[PDB]
$ cat structure22.csv   # CSV, C-alpha atoms
chain,number,residue,atom,x,y,z
A,1,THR,CA,0.0,0.0,0.0
A,2,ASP,CA,3.2,2.0,-0.2
A,3,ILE,CA,4.8,1.8,-3.7
A,4,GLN,CA,7.1,-1.1,-4.3
A,5,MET,CA,9.9,-0.6,-6.8
A,6,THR,CA,11.1,-3.8,-8.6
A,7,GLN,CA,14.7,-3.2,-9.8
A,8,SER,CA,16.6,-5.7,-12.1
A,9,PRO,CA,19.2,-6.9,-12.0
A,10,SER,CA,20.5,-7.2,-8.4
A,11,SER,CA,24.1,-7.2,-9.7
A,12,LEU,CA,26.2,-7.2,-12.9
A,13,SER,CA,29.7,-7.3,-14.1
A,14,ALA,CA,30.7,-5.6,-17.3
A,15,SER,CA,33.7,-4.2,-19.1
A,16,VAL,CA,34.6,-0.6,-19.8
A,17,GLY,CA,32.9,0.6,-22.9
A,18,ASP,CA,29.9,-1.7,-22.4
A,19,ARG,CA,26.3,-0.6,-22.6
A,20,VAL,CA,24.6,-1.3,-19.2
A,21,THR,CA,20.8,-1.6,-18.9
A,22,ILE,CA,18.8,-1.5,-15.8
A,23,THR,CA,15.0,-1.9,-15.4
A,24,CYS,CA,12.6,-0.7,-12.6
A,25,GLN,CA,9.0,-1.8,-12.4
A,26,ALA,CA,6.7,0.2,-10.1
A,27,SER,CA,3.8,-1.5,-8.3
A,28,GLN,CA,1.4,1.2,-9.4
A,29,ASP,CA,1.5,4.0,-11.9
A,30,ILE,CA,3.7,6.9,-10.7
A,31,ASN,CA,3.5,9.1,-13.8
A,32,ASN,CA,7.2,9.9,-14.4
A,33,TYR,CA,8.0,10.8,-10.8
A,34,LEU,CA,11.1,8.6,-10.7
A,35,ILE,CA,14.8,9.4,-9.9
A,36,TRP,CA,17.9,7.3,-10.7
A,37,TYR,CA,20.8,7.6,-8.3
A,38,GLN,CA,24.4,6.4,-8.4
A,39,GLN,CA,25.9,5.2,-5.1
A,40,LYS,CA,29.7,5.1,-5.4
A,41,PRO,CA,31.3,2.9,-2.7
A,42,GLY,CA,31.3,4.6,0.7
A,43,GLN,CA,29.4,7.7,-0.6
A,44,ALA,CA,25.9,9.1,-0.7
A,45,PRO,CA,23.5,8.4,-3.5
A,46,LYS,CA,24.0,11.1,-6.2
A,47,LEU,CA,21.0,12.0,-8.5
A,48,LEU,CA,21.7,11.5,-12.2
A,49,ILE,CA,18.2,11.5,-13.6
A,50,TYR,CA,14.8,12.8,-12.4
A,51,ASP,CA,11.5,12.8,-14.0
A,52,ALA,CA,12.3,9.4,-15.3
A,53,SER,CA,14.4,10.9,-18.2
A,54,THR,CA,15.8,14.3,-17.3
A,55,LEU,CA,19.6,14.6,-16.8
A,56,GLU,CA,20.8,16.6,-13.8
A,57,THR,CA,23.1,19.5,-14.8
A,58,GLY,CA,26.7,18.3,-15.3
A,59,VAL,CA,25.7,14.6,-15.6
A,60,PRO,CA,27.5,13.1,-18.6
A,61,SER,CA,25.8,12.3,-21.8
A,62,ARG,CA,26.3,8.5,-21.3
A,63,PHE,CA,23.6,8.3,-18.6
A,64,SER,CA,20.0,8.2,-19.7
A,65,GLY,CA,16.6,7.3,-18.4
A,66,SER,CA,13.7,5.8,-20.3
A,67,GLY,CA,10.0,5.2,-19.4
A,68,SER,CA,6.8,6.3,-17.7
A,69,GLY,CA,3.9,4.5,-16.0
A,70,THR,CA,5.2,1.4,-14.3
A,71,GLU,CA,8.3,0.3,-16.4
A,72,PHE,CA,11.4,2.4,-16.5
A,73,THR,CA,14.9,1.8,-17.9
A,74,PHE,CA,18.4,3.3,-17.1
A,75,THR,CA,21.3,3.2,-19.5
A,76,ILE,CA,25.0,3.8,-19.3
A,77,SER,CA,25.7,3.6,-23.1
A,78,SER,CA,29.5,3.2,-22.8
A,79,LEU,CA,30.6,2.4,-19.3
A,80,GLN,CA,33.5,4.3,-17.8
A,81,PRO,CA,35.9,3.0,-15.0
A,82,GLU,CA,34.5,5.7,-12.7
A,83,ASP,CA,31.0,4.3,-13.1
A,84,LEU,CA,31.6,1.5,-10.6
A,85,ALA,CA,28.7,1.9,-8.2
A,86,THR,CA,25.3,0.7,-7.0
A,87,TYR,CA,22.5,2.4,-9.0
A,88,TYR,CA,19.1,2.9,-7.6
A,89,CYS,CA,15.8,3.9,-9.0
A,90,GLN,CA,13.4,5.7,-6.6
A,91,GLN,CA,9.8,6.9,-6.9
A,92,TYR,CA,8.7,10.3,-5.5
A,93,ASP,CA,5.1,10.2,-6.6
A,94,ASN,CA,4.0,9.6,-3.0
A,95,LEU,CA,5.5,9.5,0.5
A,96,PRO,CA,7.1,7.4,1.6
A,97,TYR,CA,9.7,7.5,-1.3
A,98,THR,CA,10.7,3.9,-2.0
A,99,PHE,CA,13.9,2.6,-3.5
A,100,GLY,CA,14.4,-0.4,-5.7
A,101,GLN,CA,16.7,-2.9,-4.1
A,102,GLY,CA,19.6,-1.7,-6.3
A,103,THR,CA,21.9,-2.9,-9.1
A,104,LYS,CA,25.5,-3.4,-8.0
A,105,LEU,CA,27.9,-2.8,-10.9
A,106,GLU,CA,31.3,-4.5,-10.9
A,107,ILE,CA,34.0,-3.8,-13.6
A,108,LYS,CA,36.3,-6.4,-15.1
B,1,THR,CA,20.2,27.2,-7.0
B,2,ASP,CA,20.6,23.7,-5.7
B,3,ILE,CA,20.5,22.9,-2.1
B,4,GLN,CA,23.6,21.4,-0.4
B,5,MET,CA,23.2,19.3,2.7
B,6,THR,CA,26.1,19.0,5.2
B,7,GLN,CA,25.8,15.8,7.3
B,8,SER,CA,28.0,15.1,10.2
B,9,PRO,CA,29.5,13.0,11.5
B,10,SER,CA,30.9,10.9,8.7
B,11,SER,CA,31.3,7.8,11.0
B,12,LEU,CA,31.1,7.1,14.7
B,13,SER,CA,31.5,4.3,17.2
B,14,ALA,CA,29.2,4.0,20.2
B,15,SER,CA,28.1,1.3,22.5
B,16,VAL,CA,24.8,-0.5,23.0
B,17,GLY,CA,22.5,1.8,25.0
B,18,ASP,CA,24.3,5.1,24.0
B,19,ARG,CA,22.7,8.2,22.7
B,20,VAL,CA,23.8,8.6,19.1
B,21,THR,CA,23.5,12.1,17.6
B,22,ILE,CA,23.6,13.1,13.9
B,23,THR,CA,23.1,16.6,12.3
B,24,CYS,CA,22.1,17.8,8.9
B,25,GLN,CA,22.4,21.4,7.7
B,26,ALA,CA,20.7,22.8,4.6
B,27,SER,CA,22.2,25.7,2.6
B,28,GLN,CA,18.8,27.3,2.3
B,29,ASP,CA,15.6,27.2,4.3
B,30,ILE,CA,13.9,23.9,3.3
B,31,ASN,CA,11.0,24.3,5.7
B,32,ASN,CA,10.6,20.8,7.1
B,33,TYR,CA,11.2,18.9,3.8
B,34,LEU,CA,13.8,16.5,5.2
B,35,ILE,CA,13.9,12.7,5.2
B,36,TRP,CA,16.1,10.5,7.2
B,37,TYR,CA,17.0,7.0,5.8
B,38,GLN,CA,18.7,3.9,7.2
B,39,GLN,CA,20.8,1.9,4.7
B,40,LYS,CA,21.9,-1.5,6.0
B,41,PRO,CA,24.9,-3.0,4.2
B,42,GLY,CA,23.8,-4.7,0.9
B,43,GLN,CA,20.4,-2.9,1.0
B,44,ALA,CA,18.8,0.2,-0.3
B,45,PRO,CA,18.2,3.3,1.9
B,46,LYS,CA,14.9,2.8,3.8
B,47,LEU,CA,13.0,5.8,5.0
B,48,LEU,CA,12.6,6.4,8.7
B,49,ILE,CA,11.5,9.9,9.3
B,50,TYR,CA,9.9,12.4,6.9
B,51,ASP,CA,8.8,16.0,7.2
B,52,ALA,CA,11.8,16.4,9.6
B,53,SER,CA,10.2,14.4,12.5
B,54,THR,CA,7.3,12.1,11.4
B,55,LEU,CA,8.2,8.4,11.9
B,56,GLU,CA,7.3,5.9,9.2
B,57,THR,CA,5.5,2.5,9.8
B,58,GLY,CA,7.4,0.4,12.3
B,59,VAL,CA,10.4,2.7,12.8
B,60,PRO,CA,11.3,2.2,16.5
B,61,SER,CA,10.6,4.9,19.1
B,62,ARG,CA,14.3,5.2,20.0
B,63,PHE,CA,14.7,7.1,16.7
B,64,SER,CA,13.7,10.7,16.3
B,65,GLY,CA,14.2,13.8,14.1
B,66,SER,CA,14.0,17.5,15.1
B,67,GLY,CA,14.9,20.8,13.6
B,68,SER,CA,13.3,23.1,11.0
B,69,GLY,CA,14.5,25.3,8.1
B,70,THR,CA,18.3,24.8,8.1
B,71,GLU,CA,19.6,22.9,11.2
B,72,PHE,CA,18.3,19.3,11.6
B,73,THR,CA,19.1,16.6,14.1
B,74,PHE,CA,18.7,12.7,14.0
B,75,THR,CA,18.9,11.0,17.4
B,76,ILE,CA,18.9,7.4,18.5
B,77,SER,CA,18.2,7.5,22.3
B,78,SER,CA,19.6,4.1,23.2
B,79,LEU,CA,21.6,2.4,20.5
B,80,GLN,CA,20.6,-1.2,19.6
B,81,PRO,CA,22.7,-3.7,17.6
B,82,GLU,CA,20.1,-3.8,14.8
B,83,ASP,CA,20.9,-0.1,14.1
B,84,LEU,CA,24.1,-1.0,12.5
B,85,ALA,CA,23.8,1.1,9.3
B,86,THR,CA,24.6,4.3,7.4
B,87,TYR,CA,22.0,7.0,8.0
B,88,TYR,CA,21.4,9.8,5.4
B,89,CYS,CA,19.4,13.0,5.3
B,90,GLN,CA,17.9,14.0,2.1
B,91,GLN,CA,16.0,17.3,1.3
B,92,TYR,CA,12.9,17.0,-0.8
B,93,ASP,CA,11.9,20.7,-0.9
B,94,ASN,CA,13.3,21.2,-4.4
B,95,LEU,CA,14.5,19.1,-7.3
B,96,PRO,CA,17.2,17.9,-7.5
B,97,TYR,CA,16.8,16.3,-4.2
B,98,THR,CA,20.1,16.2,-2.4
B,99,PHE,CA,21.6,13.8,0.1
B,100,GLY,CA,23.9,14.5,3.0
B,101,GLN,CA,27.1,12.5,2.8
B,102,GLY,CA,26.0,10.0,5.5
B,103,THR,CA,26.9,8.7,9.0
B,104,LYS,CA,28.2,5.2,9.1
B,105,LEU,CA,27.5,3.7,12.5
B,106,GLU,CA,29.7,1.0,14.0
B,107,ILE,CA,29.4,-0.6,17.5
B,108,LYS,CA,32.2,-1.4,20.0
$ encode --input "structure22.csv" --output "structure tokens"
Amino acid sequence: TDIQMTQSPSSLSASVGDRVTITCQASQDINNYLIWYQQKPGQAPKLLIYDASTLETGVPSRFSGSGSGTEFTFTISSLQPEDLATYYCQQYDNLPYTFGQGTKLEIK
Amino acid sequence: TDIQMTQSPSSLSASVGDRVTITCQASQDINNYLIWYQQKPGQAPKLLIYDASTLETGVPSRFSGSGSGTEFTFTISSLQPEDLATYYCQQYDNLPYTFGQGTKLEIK
């Protein structure tokens, strides 16, 4: 009865230059009130994308958000060595704001 | 103009039964639009307090939030071993929402 965010995958390993794709299903429609964060190890989440597809100022072109309704996607189109992190989607349509369980990226 | 949140401390040690105290400062008045999260290792942040001081469903009474406008405080009255976590403030007055840098809590 709060909103449940279903993020996939739980983890992934990929090489530098790879296209990384992450999905978030929302348990009910949220319009596009969804944010994507990046949590570098030992740091706070940092907002990359809001409104499901809007890049924050000074966020690199390789990050993008697709979707609206209940299915959303996050892409890093070419993965850089500084992109090692856990990425989270999050709805802000209604309090409480709920996070997907996250996608932990490792680099080879 | 984005809002910057200064969270302190960055890490502490305290013992079972101790008062733990954490502060968040906002660069601008943000009214009471302040969330406290708990992030257990491996897991997403989970929202404890919103609107500066309202506790979410089944957040224990030892936790509390106070403050308004700029200076905010998160207190655990008597520390319990299930509070092993990193706690974050986040402002939600204005997009982009911004996180404090977090307080990682260890027990002796």
$ closest_residue --input "structure22.csv" --among "A:14, A:49, A:96, A:75" --to "residue 36 in chain B" --atoms "only C-alpha atoms"
A:96
$ residues_around --input "structure22.csv" --residues "residue 11 in chain A" --least-positions-apart "6" --cutoff "7 Å" --atoms "all atoms listed in the file" --output "VMD selection string"
chain A and resid 103 to 105
$ atom_distance --input "structure22.csv" --atom1 "CA of residue 88 in chain A" --atom2 "CA of residue 39 in chain A"
7.6 Å
$ residues_around --input "structure22.csv" --residues "residue 72 in chain A" --least-positions-apart "4" --cutoff "7 Å" --atoms "all atoms listed in the file" --output "list in words"
residues 23, 24, 25, 66, 67 and 68 of chain A
$ interface_residues --input "structure22.csv" --of "chain A" --to "chain B" --cutoff "9 Å" --atoms "all atoms listed in the file" --output "JSON, numbers by chain"
{"A": [42, 43, 44, 45, 46, 47, 49, 50, 56, 88, 95, 96, 97, 98, 99, 100, 101, 102]}
$ closest_residue --input "structure22.csv" --among "B:71, B:41, B:31, B:63" --to "residue 8 in chain B" --atoms "all atoms listed in the file"
B:71
$ residues_around --input "structure22.csv" --residues "residue 79 in chain A" --least-positions-apart "4" --cutoff "8 Å" --atoms "all atoms listed in the file" --output "ChimeraX atom specification"
/A:15-20,62,83
$ closest_residue --input "structure22.csv" --among "B:76, B:12, B:60, B:6" --to "residue 106 in chain B" --atoms "all atoms listed in the file"
B:12
$ closest_residue --input "structure22.csv" --among "B:77, B:27, B:64, B:53" --to "residue 4 in chain B" --atoms "all atoms listed in the file"
B:27
$ atom_distance --input "structure22.csv" --atom1 "CA of residue 40 in chain A" --atom2 "CA of residue 82 in chain A"
8.8 Å
$ residues_near_point --input "structure22.csv" --point "(1.6, 1.9, -4.2)" --cutoff "6 Å" --atoms "all atoms listed in the file" --output "JSON, numbers by chain"
{"A": [1, 2, 3, 27, 28]}
$ write_last_selection --input "structure22.csv" --atoms "C-alpha atoms" --output "short mmCIF file (atom, residue, chain, number, x, y, z; two decimals), in the frame of the given file"
data_model
loop_
_atom_site.label_atom_id
_atom_site.label_comp_id
_atom_site.auth_asym_id
_atom_site.auth_seq_id
_atom_site.Cartn_x
_atom_site.Cartn_y
_atom_site.Cartn_z
CA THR A 1 0.00 0.00 0.00
CA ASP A 2 3.20 2.00 -0.20
CA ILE A 3 4.80 1.80 -3.70
CA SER A 27 3.80 -1.50 -8.30
CA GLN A 28 1.40 1.20 -9.40
#
$ atom_distance --input "structure22.csv" --atom1 "CA of residue 34 in chain B" --atom2 "CA of residue 58 in chain B"
18.7 Å
$ decode --input "structure22.csv" --residues "range 1-27 of chain B" --atoms "N, CA, C and O atoms" --output "short mmCIF file (atom, residue, chain, number, x, y, z; two decimals), in the first residue's frame"
data_model
loop_
_atom_site.label_atom_id
_atom_site.label_comp_id
_atom_site.auth_asym_id
_atom_site.auth_seq_id
_atom_site.Cartn_x
_atom_site.Cartn_y
_atom_site.Cartn_z
N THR B 1 19.19 27.48 -8.14
CA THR B 1 20.18 27.22 -7.02
C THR B 1 19.89 25.92 -6.24
O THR B 1 18.90 25.80 -5.55
N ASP B 2 20.77 24.94 -6.40
CA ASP B 2 20.60 23.68 -5.71
C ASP B 2 20.91 23.78 -4.21
O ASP B 2 21.61 24.69 -3.71
N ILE B 3 20.35 22.83 -3.49
CA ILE B 3 20.51 22.85 -2.07
C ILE B 3 21.63 21.86 -1.76
O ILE B 3 21.63 20.76 -2.29
N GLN B 4 22.59 22.29 -0.94
CA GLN B 4 23.59 21.41 -0.37
C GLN B 4 23.30 21.16 1.11
O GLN B 4 23.00 22.08 1.90
N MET B 5 23.39 19.87 1.43
CA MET B 5 23.16 19.31 2.74
C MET B 5 24.50 18.88 3.32
O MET B 5 25.21 18.09 2.75
N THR B 6 24.85 19.41 4.48
CA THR B 6 26.09 19.04 5.18
C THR B 6 25.73 18.11 6.35
O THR B 6 25.11 18.54 7.30
N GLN B 7 26.08 16.84 6.23
CA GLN B 7 25.79 15.84 7.29
C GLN B 7 27.02 15.55 8.09
O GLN B 7 28.11 15.39 7.55
N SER B 8 26.84 15.43 9.37
CA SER B 8 27.95 15.09 10.22
C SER B 8 27.37 14.35 11.41
O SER B 8 26.20 14.59 11.75
N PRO B 9 28.16 13.42 11.99
CA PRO B 9 29.50 12.99 11.53
C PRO B 9 29.54 12.09 10.26
O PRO B 9 28.51 11.70 9.77
N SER B 10 30.75 11.80 9.77
CA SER B 10 30.92 10.86 8.67
C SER B 10 30.93 9.39 9.19
O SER B 10 30.49 8.47 8.49
N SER B 11 31.42 9.18 10.41
CA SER B 11 31.35 7.84 11.02
C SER B 11 31.53 8.00 12.49
O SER B 11 32.28 8.86 12.94
N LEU B 12 30.83 7.18 13.26
CA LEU B 12 31.08 7.13 14.69
C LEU B 12 31.11 5.71 15.24
O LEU B 12 30.60 4.80 14.61
N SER B 13 31.71 5.54 16.42
CA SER B 13 31.53 4.34 17.21
C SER B 13 30.82 4.70 18.50
O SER B 13 31.13 5.70 19.15
N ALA B 14 29.85 3.88 18.87
CA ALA B 14 29.22 4.03 20.16
C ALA B 14 28.79 2.64 20.69
O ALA B 14 28.77 1.66 19.95
N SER B 15 28.45 2.55 21.96
CA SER B 15 28.10 1.27 22.53
C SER B 15 26.58 1.07 22.72
O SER B 15 25.79 2.03 22.70
N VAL B 16 26.18 -0.19 22.86
CA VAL B 16 24.78 -0.51 23.02
C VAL B 16 24.22 0.30 24.17
O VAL B 16 24.72 0.20 25.29
N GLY B 17 23.17 1.08 23.92
CA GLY B 17 22.52 1.83 25.00
C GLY B 17 22.89 3.30 24.97
O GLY B 17 22.35 4.09 25.75
N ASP B 18 23.81 3.68 24.07
CA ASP B 18 24.27 5.07 24.00
C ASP B 18 23.37 5.91 23.12
O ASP B 18 22.80 5.43 22.17
N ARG B 19 23.26 7.18 23.48
CA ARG B 19 22.69 8.20 22.65
C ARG B 19 23.68 8.46 21.52
O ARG B 19 24.87 8.76 21.75
N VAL B 20 23.17 8.25 20.30
CA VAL B 20 23.84 8.62 19.08
C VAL B 20 23.21 9.89 18.50
O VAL B 20 21.99 9.98 18.38
N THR B 21 24.04 10.86 18.13
CA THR B 21 23.50 12.08 17.60
C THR B 21 24.17 12.49 16.30
O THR B 21 25.41 12.58 16.23
N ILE B 22 23.30 12.76 15.31
CA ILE B 22 23.62 13.11 13.93
C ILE B 22 22.93 14.41 13.47
O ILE B 22 21.75 14.62 13.70
N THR B 23 23.69 15.27 12.79
CA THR B 23 23.13 16.56 12.30
C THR B 23 23.15 16.73 10.79
O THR B 23 24.00 16.25 10.11
N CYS B 24 22.16 17.44 10.29
CA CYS B 24 22.11 17.81 8.92
C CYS B 24 21.87 19.32 8.80
O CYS B 24 21.01 19.88 9.48
N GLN B 25 22.65 19.98 7.96
CA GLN B 25 22.43 21.37 7.66
C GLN B 25 22.14 21.64 6.21
O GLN B 25 22.84 21.14 5.34
N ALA B 26 21.14 22.48 5.95
CA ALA B 26 20.73 22.79 4.60
C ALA B 26 21.27 24.17 4.23
O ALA B 26 21.29 25.05 5.07
N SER B 27 21.69 24.38 3.00
CA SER B 27 22.25 25.68 2.62
C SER B 27 21.20 26.79 2.61
O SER B 27 21.52 27.95 2.81
#
